[PDB]
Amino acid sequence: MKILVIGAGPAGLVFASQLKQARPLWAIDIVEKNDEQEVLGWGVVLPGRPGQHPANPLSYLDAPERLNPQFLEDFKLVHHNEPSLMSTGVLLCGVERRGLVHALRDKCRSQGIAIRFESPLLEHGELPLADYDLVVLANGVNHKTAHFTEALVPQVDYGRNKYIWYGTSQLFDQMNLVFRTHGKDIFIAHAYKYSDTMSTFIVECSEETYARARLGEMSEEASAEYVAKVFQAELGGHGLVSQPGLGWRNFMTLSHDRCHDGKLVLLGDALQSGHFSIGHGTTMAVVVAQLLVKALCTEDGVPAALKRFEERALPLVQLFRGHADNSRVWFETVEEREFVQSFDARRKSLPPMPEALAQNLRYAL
């Protein structure tokens, strides 16, 4: 069989490797838009301990300890200049995005999966459909501007508040979202350590706040220090550094009510993206990728496999979407608000994620 994967990110890679390992003879190639050492983002939080949790991408590496994963067991919430509590959750590990993506790429190559960098695919006329049995679209949020077919156009929902992905030397040994009211403005930060020297610092605020502080009409370094000053209490004396490709923006939720179209199948953020306020994007990429692999190893043809894939994928992506919206909305509406109670039940009466992921995991694996 011949499979083409557009996108060398978590979803694309986890699928490639998973499938190659099970079907070595199958031909699997990947095309990446960017260069080899061009990965965006700082650090991400993942479920469980590498090697012990099937949902974590680090569990598919020959040596995950190499990336120096940071294990976080506690959660600190600062509200009104006071740590409401340290309600510990479950076991989550943080690790560098770049490092993760690079490792997964080395793994695919060591398995015989070719990856052609700096080879973006945008136009539908660029799809060598007649030369492949399956085309996997795992090109992240770029899918929005490159959907290849009207029948695969996203829903696209722009988050109400602005956010930016900062990186910092301040070590947050324990996860903690902070609410700092600086003047008439409300700033929210999501921080956690992902390495021995770096922490992720996701900051967000309303459009009004973004306009008052002129975070956009200001210099990248100038905005950072400004935000760094508002949180100097939490960051100690450490500043904030942004990436040339992140910057300020509104979260785009790419939704779908269909998983495939002929030889094309969506995967990862390209299929469904969800606000980062629940940290499941990479987990979703991994679980859904496994669903496609099982379907391909059990069904006779591609069409037959896609159909069976559809069955369990959609129900899962809708649930992820459901949780992503509740959490996102909750965060967008903080100004108009035991404060540690709402945040907890913000996911309403929706079935838990860790229960749904496992259900499909035991099935695909």
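Numbering starts at 1 and follows the sequence shown.
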Quiz item: Can you say how many deposited residues have no coordinates in the span between residue 337 and residue 338, choosing none, 1 to 3, 4 to 9, or 10 or more?
Solution: 4 to 9
Quiz item: Do the C-alpha atoms of 100 to 108 or of 213 to 221 have the higher average B factor in the entry?
Solution: 213 to 221
Quiz prompt | Residue stretch of maximal mean CA temperature factor, 356 to 364 vs 1 to 9 | solution = 356 to 364
Quiz prompt | Highest-ranked of 140, 159, 94, 236 once sorted by CA temperature factor in the record | solution = 236
Exercise. Name the residue from 327, 37, 318, 56 with the greatest C-alpha temperature factor listed in the entry.
Key: 37
Quiz item: Among the modelled residues of its chain, does the C-alpha B-factor of residue 78 lie in the lowest, middle or highest third?
Solution: highest
Practice problem: Check where residue 296 lands among this chain's C-alpha B-factors and tell me if it's the lowest, middle or highest third. | Solution: middle
Quiz item: Split the chain's modelled residues into thirds by Cα B-factor; is residue 130 in the lowest, middle or highest one?
Solution: highest
Self-check item: Lowest, middle or highest third - CA B-factor, residue 245
Solution: highest
Quiz item: For residue 185, does the deposited CA B-factor place it in the lowest, middle or highest third of the chain?
Solution: highest
